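Beneath this line is the structure, given in structure tokens, with notes to follow.
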Amino acid sequence: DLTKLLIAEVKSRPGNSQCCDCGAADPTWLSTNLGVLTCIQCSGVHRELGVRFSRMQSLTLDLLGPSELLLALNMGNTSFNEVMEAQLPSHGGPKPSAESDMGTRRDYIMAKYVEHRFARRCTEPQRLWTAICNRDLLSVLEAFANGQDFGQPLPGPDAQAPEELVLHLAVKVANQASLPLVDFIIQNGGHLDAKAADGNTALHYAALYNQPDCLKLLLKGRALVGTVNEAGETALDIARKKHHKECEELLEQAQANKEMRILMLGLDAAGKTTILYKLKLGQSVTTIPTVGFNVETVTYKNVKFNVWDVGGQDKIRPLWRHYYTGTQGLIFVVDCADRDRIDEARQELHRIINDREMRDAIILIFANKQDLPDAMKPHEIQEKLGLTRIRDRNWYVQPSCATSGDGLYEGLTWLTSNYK
Ligand SMILES: Nc1nc2c(ncn2[C@@H]2O[C@H](COP(=O)(O)OP(=O)(O)O)[C@@H](O)[C@H]2O)c(=O)[nH]1
Ligand SMILES: [Mg+2]
Ligand SMILES: [Mg+2]
Ligand SMILES: [Zn+2]
């Protein structure tokens with residue numbers, strides 16, 4: 001109930017009663033890493049660009065923590081577009097309406113967020129250092145829009161013999177109000193485990209300057225602990241020297257004919273419908289978030305497949321149990337670029353295979369989205385999903401790229417095979 005308010009709060013920001021990308025009647029789909037709102041139609045294109053550019057959650061359908069809402073509560077659509085849709089003319093501008101076709105929709109959104117065409121332009125190492133300490137979120141966004149790359153560092157002020165990088169700074173000079181940028185940076189220039197000059201991670205710095213809520217945000221983004229620096233200190237070690245006890249409490253816990261009825265699960269935007277329909281149509285179709293579920297029958301090599309694709313949003317996952325009875329094979333789709341939510345996919349997969357109504361299930365796991373930059377390869381999936389120590393259950397991790405089709409029919413071929 002704490003969140004109910006913050007939800008309402010996010011919705012009431014300037015411009016957040018129109019879709020960020022097509023201005024449609026009050027949107028419910030949040031790009032958590034950009035703090036903006038889109039209609040369900042535009043929403044899907046974001047899911048297509050992947051978690052590298054945009055992490056989508058529904059305000060109505062996903063279970064949202066306060067921490068996830070930070071940028072949403074600190075940006076909104078008007079603030080954002082002022083930067084990102086800056087150089088857009090009012091007349092004839094390619095920005096679509098509530099019901100433009102997916103053709104025109106896709107093109108604009110891809111140009112806007114990936115290619116950055118319609119953004120206020122200018123380089124710049126100077127401003128970024130100034131904006132951060134000014135706590136000027138909207139200018140950090142301006143920097144991002146011109147391809148700044150928070151990765152490599154910036155030359156500092158007086159006596160500039162050493163070198164510091166973006167995130168390392170923002171953590172040093174932060175307060176309650178300064179937070180949004182810290183997150184915007186983590187989620188958008190994620191060189192989170194960099195060591196800089198004297199081997200200190202960004203995690204290290206937070207333990208030096210009494211920046212507690214900074215630590216919170218850092219670990220939330222899966223940060224490595226106990227990596228040693230030039231003084232060979234774990235992040236806890238420096239917390240000890242200056243005795244900042246609040247940081248120390250968080251660091252301690254941080255340590256620890258044949259027919260087959262198929263059920264296709266996995267977290268939101270895993271690729272589930274993309275898979276189902278590429279198999280049924282052979283051509284890759286565009287997918288909107290599947291709010292309910294989908295059923296199609298695909299025949300491949302004289303075997304009929306009754307596939308039940310179910311939507312993966314936090315709120316529509318308790319509904320999964322219902323589809324357990326009469327199920328032979330399970331397809332669990334995993335979005336492999338989504339490194340932040342693998343343990344979530346681990347949990348839900350385990351939450352199924354352990355259900356009493358399931359013991360006799362063949363498990364195919366699609367390790368989807370292998371085409372995306374930092375992939376996470378299939379063997380690394382086995383280990384992260386805790387399949388190392390699964391015996392007395394028949395599984396198989398299959399590399400896949402739904403968009404193209406690679407690895408899909410193979411998964412079926414494995415299904416055909418292990419159904420004897
Ligand atoms: N690059 C890439 N994108 C994919 C792949 N599979 C799915 N997608 C995209 O991911 C977004 C989510 O697809 P979707 O089927 O709706 O996921 P689902 O809701 O869990 O079923 C879609 O826009 C797809 O275009 C893939 O293998 N590679
Ligand atoms: Mg969640
Ligand atoms: Mg779906
Ligand atoms: Zn829209």
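By convention here, the chains of the structure tokens are called A, B, ... in the order presented, each chain's residues are numbered starting at 1, and ligands are numbered starting at 1 in the order presented.
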
>> Just want the 7 Å neighbourhood of residue 310 of chain A, counted on only C-alpha atoms, with same-chain residues fewer than 5 positions away dropped. Output as number ranges by chain.
In response: A: 264-265, 292-294

Near-ligand residues for ligand 2, threshold 8 Å, only C-alpha atoms and all ligand atoms, as an mmCIF file with N, CA and C atoms, in the first residue's frame:
data_model
loop_
_atom_site.group_PDB
_atom_site.id
_atom_site.type_symbol
_atom_site.label_atom_id
_atom_site.label_comp_id
_atom_site.auth_asym_id
_atom_site.auth_seq_id
_atom_site.Cartn_x
_atom_site.Cartn_y
_atom_site.Cartn_z
ATOM 1 N N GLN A 57 8.436 -2.011 -17.167
ATOM 2 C CA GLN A 57 7.509 -2.628 -16.218
ATOM 3 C C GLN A 57 6.159 -1.934 -16.346
ATOM 4 N N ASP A 62 2.954 -4.967 -13.022
ATOM 5 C CA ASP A 62 4.161 -5.451 -12.362
ATOM 6 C C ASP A 62 4.218 -4.980 -10.908
ATOM 7 N N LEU A 63 4.839 -5.782 -10.054
ATOM 8 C CA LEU A 63 4.956 -5.438 -8.649
ATOM 9 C C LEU A 63 6.188 -4.556 -8.467
ATOM 10 N N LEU A 64 5.957 -3.282 -8.159
ATOM 11 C CA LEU A 64 7.031 -2.293 -8.156
ATOM 12 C C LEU A 64 7.455 -1.831 -6.775
ATOM 13 N N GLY A 65 8.748 -1.959 -6.504
ATOM 14 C CA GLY A 65 9.333 -1.424 -5.285
ATOM 15 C C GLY A 65 9.529 0.078 -5.396
ATOM 16 N N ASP A 314 4.614 -9.647 -13.319
ATOM 17 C CA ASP A 314 4.592 -10.068 -11.906
ATOM 18 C C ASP A 314 3.207 -10.483 -11.411
#

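Distances here use only C-alpha atoms and all ligand atoms; by that measure, the residue among A:91, A:304, A:105, A:216 closest to ligand 4 is A:105.
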
> Which residue, A:176, A:79, A:60, A:100, has the smallest gap to ligand 4 when you use only C-alpha atoms and all ligand atoms?
Replying inline: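 Going through A:176, A:79, A:60, A:100 one by one, the smallest distance to ligand 4 is for A:100.
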
>> Please identify the helix (DSSP H, G or I) residues within segment 239-311 of chain A (assignment by DSSP from backbone atoms) and present them as a PyMOL selection string.
In response: chain A and resi 239-241+245-253+272-281

> Out of A:69, A:202, A:288, A:128, which residue has the shortest atom-to-atom distance to ligand 4 when counting only C-alpha atoms and all ligand atoms?
Replying inline: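 Comparing A:69, A:202, A:288, A:128 against ligand 4, the winner is A:288.
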
Which residues form the shell of 7 Å around ligand 1 when you count only C-alpha atoms and all ligand atoms, given as a PDB file with N, CA and C atoms, in the first residue's frame?
ATOM      1  N   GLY A  44       5.897  -1.956 -26.482  1.00  0.00           N
ATOM      2  CA  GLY A  44       6.458  -3.160 -27.077  1.00  0.00           C
ATOM      3  C   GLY A  44       7.739  -2.925 -27.841  1.00  0.00           C
ATOM      4  N   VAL A  45       7.826  -1.787 -28.520  1.00  0.00           N
ATOM      5  CA  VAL A  45       9.027  -1.441 -29.266  1.00  0.00           C
ATOM      6  C   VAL A  45      10.216  -1.352 -28.311  1.00  0.00           C
ATOM      7  N   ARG A  47      10.609  -2.990 -25.524  1.00  0.00           N
ATOM      8  CA  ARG A  47      10.947  -4.371 -25.198  1.00  0.00           C
ATOM      9  C   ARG A  47      11.778  -4.992 -26.318  1.00  0.00           C
ATOM     10  N   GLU A  48      11.567  -4.504 -27.540  1.00  0.00           N
ATOM     11  CA  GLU A  48      12.337  -4.944 -28.697  1.00  0.00           C
ATOM     12  C   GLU A  48      13.775  -4.400 -28.701  1.00  0.00           C
ATOM     13  N   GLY A  50      15.470  -3.917 -26.068  1.00  0.00           N
ATOM     14  CA  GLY A  50      16.157  -4.709 -25.053  1.00  0.00           C
ATOM     15  C   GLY A  50      16.541  -3.921 -23.822  1.00  0.00           C
ATOM     16  N   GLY A 266       8.200 -18.102 -18.383  1.00  0.00           N
ATOM     17  CA  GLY A 266       9.341 -17.196 -18.339  1.00  0.00           C
ATOM     18  C   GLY A 266       8.880 -15.794 -18.002  1.00  0.00           C
ATOM     19  N   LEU A 267       9.824 -14.951 -17.587  1.00  0.00           N
ATOM     20  CA  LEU A 267       9.509 -13.581 -17.182  1.00  0.00           C
ATOM     21  C   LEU A 267       9.066 -12.743 -18.373  1.00  0.00           C
ATOM     22  N   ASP A 268       8.446 -11.604 -18.080  1.00  0.00           N
ATOM     23  CA  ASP A 268       8.035 -10.632 -19.100  1.00  0.00           C
ATOM     24  C   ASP A 268       9.122 -10.357 -20.153  1.00  0.00           C
ATOM     25  N   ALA A 269       8.684 -10.157 -21.396  1.00  0.00           N
ATOM     26  CA  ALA A 269       9.551  -9.825 -22.524  1.00  0.00           C
ATOM     27  C   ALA A 269      10.680 -10.829 -22.748  1.00  0.00           C
ATOM     28  N   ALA A 270      10.502 -12.057 -22.255  1.00  0.00           N
ATOM     29  CA  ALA A 270      11.491 -13.114 -22.452  1.00  0.00           C
ATOM     30  C   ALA A 270      11.584 -13.529 -23.922  1.00  0.00           C
ATOM     31  N   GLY A 271      10.482 -13.372 -24.660  1.00  0.00           N
ATOM     32  CA  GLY A 271      10.442 -13.688 -26.096  1.00  0.00           C
ATOM     33  C   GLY A 271       9.313 -14.654 -26.430  1.00  0.00           C
ATOM     34  N   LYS A 272       8.549 -14.999 -25.399  1.00  0.00           N
ATOM     35  CA  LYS A 272       7.580 -16.087 -25.467  1.00  0.00           C
ATOM     36  C   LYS A 272       6.661 -16.044 -26.682  1.00  0.00           C
ATOM     37  N   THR A 273       6.053 -14.879 -26.937  1.00  0.00           N
ATOM     38  CA  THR A 273       5.160 -14.768 -28.079  1.00  0.00           C
ATOM     39  C   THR A 273       5.984 -14.709 -29.350  1.00  0.00           C
ATOM     40  N   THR A 274       7.115 -13.995 -29.308  1.00  0.00           N
ATOM     41  CA  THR A 274       8.002 -13.910 -30.464  1.00  0.00           C
ATOM     42  C   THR A 274       8.318 -15.335 -30.949  1.00  0.00           C
ATOM     43  N   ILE A 275       8.688 -16.211 -30.013  1.00  0.00           N
ATOM     44  CA  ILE A 275       8.939 -17.617 -30.339  1.00  0.00           C
ATOM     45  C   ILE A 275       7.694 -18.256 -30.960  1.00  0.00           C
ATOM     46  N   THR A 286       5.846  -8.563 -34.866  1.00  0.00           N
ATOM     47  CA  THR A 286       6.013  -7.638 -33.755  1.00  0.00           C
ATOM     48  C   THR A 286       5.033  -7.998 -32.645  1.00  0.00           C
ATOM     49  N   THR A 287       5.531  -8.005 -31.411  1.00  0.00           N
ATOM     50  CA  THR A 287       4.725  -8.406 -30.264  1.00  0.00           C
ATOM     51  C   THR A 287       4.502  -7.255 -29.293  1.00  0.00           C
ATOM     52  N   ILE A 288       3.243  -7.098 -28.911  1.00  0.00           N
ATOM     53  CA  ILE A 288       2.815  -6.237 -27.827  1.00  0.00           C
ATOM     54  C   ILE A 288       2.894  -7.152 -26.602  1.00  0.00           C
ATOM     55  N   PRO A 289       3.084  -6.594 -25.386  1.00  0.00           N
ATOM     56  CA  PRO A 289       2.912  -7.397 -24.172  1.00  0.00           C
ATOM     57  C   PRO A 289       1.617  -8.202 -24.187  1.00  0.00           C
ATOM     58  N   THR A 290       1.757  -9.516 -24.045  1.00  0.00           N
ATOM     59  CA  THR A 290       0.610 -10.424 -24.042  1.00  0.00           C
ATOM     60  C   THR A 290      -0.026 -10.380 -22.655  1.00  0.00           C
ATOM     61  N   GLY A 311       1.479 -14.670 -20.354  1.00  0.00           N
ATOM     62  CA  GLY A 311       2.120 -13.388 -20.054  1.00  0.00           C
ATOM     63  C   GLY A 311       2.973 -13.442 -18.803  1.00  0.00           C
ATOM     64  N   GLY A 312       4.108 -12.728 -18.827  1.00  0.00           N
ATOM     65  CA  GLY A 312       5.071 -12.862 -17.722  1.00  0.00           C
ATOM     66  C   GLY A 312       5.173 -11.744 -16.688  1.00  0.00           C
ATOM     67  N   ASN A 368      17.156 -17.373 -24.764  1.00  0.00           N
ATOM     68  CA  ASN A 368      16.816 -16.422 -25.822  1.00  0.00           C
ATOM     69  C   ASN A 368      17.705 -15.182 -25.920  1.00  0.00           C
ATOM     70  N   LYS A 369      17.638 -14.516 -27.075  1.00  0.00           N
ATOM     71  CA  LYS A 369      18.341 -13.251 -27.338  1.00  0.00           C
ATOM     72  C   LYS A 369      19.856 -13.418 -27.271  1.00  0.00           C
ATOM     73  N   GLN A 370      20.388 -14.331 -28.081  1.00  0.00           N
ATOM     74  CA  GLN A 370      21.836 -14.546 -28.157  1.00  0.00           C
ATOM     75  C   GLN A 370      22.520 -13.526 -29.066  1.00  0.00           C
ATOM     76  N   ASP A 371      21.724 -12.829 -29.874  1.00  0.00           N
ATOM     77  CA  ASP A 371      22.221 -11.810 -30.795  1.00  0.00           C
ATOM     78  C   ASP A 371      22.647 -10.529 -30.087  1.00  0.00           C
ATOM     79  N   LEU A 372      22.052 -10.258 -28.932  1.00  0.00           N
ATOM     80  CA  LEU A 372      22.321  -9.020 -28.205  1.00  0.00           C
ATOM     81  C   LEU A 372      23.738  -8.989 -27.618  1.00  0.00           C
ATOM     82  N   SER A 400      19.000 -19.637 -28.516  1.00  0.00           N
ATOM     83  CA  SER A 400      17.942 -19.208 -29.415  1.00  0.00           C
ATOM     84  C   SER A 400      18.008 -17.733 -29.783  1.00  0.00           C
ATOM     85  N   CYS A 401      17.518 -17.422 -30.977  1.00  0.00           N
ATOM     86  CA  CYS A 401      17.343 -16.043 -31.397  1.00  0.00           C
ATOM     87  C   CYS A 401      16.016 -15.878 -32.142  1.00  0.00           C
ATOM     88  N   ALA A 402      14.926 -15.839 -31.374  1.00  0.00           N
ATOM     89  CA  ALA A 402      13.569 -15.784 -31.917  1.00  0.00           C
ATOM     90  C   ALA A 402      13.443 -14.879 -33.138  1.00  0.00           C
ATOM     91  N   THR A 403      14.050 -13.697 -33.073  1.00  0.00           N
ATOM     92  CA  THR A 403      13.949 -12.723 -34.161  1.00  0.00           C
ATOM     93  C   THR A 403      14.301 -13.358 -35.512  1.00  0.00           C
TER      94      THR A 403
END

Could you produce a table of the residues of chain A lying within 6 Å of ligand 4, with the nearest pair of atoms per residue and their separation in Å rounded to one decimal, using only C-alpha atoms and all ligand atoms, ordered by chain and increasing residue number, as CSV?
residue,atom,partner,partner_atom_place_in_ligand_line,distance
A:19,CA,ligand 4,1 (Zn),4.6
A:21,CA,ligand 4,1 (Zn),4.9
A:22,CA,ligand 4,1 (Zn),4.0
A:23,CA,ligand 4,1 (Zn),5.8
A:24,CA,ligand 4,1 (Zn),5.3
A:38,CA,ligand 4,1 (Zn),5.1
A:39,CA,ligand 4,1 (Zn),4.2
A:41,CA,ligand 4,1 (Zn),5.6
A:42,CA,ligand 4,1 (Zn),4.2
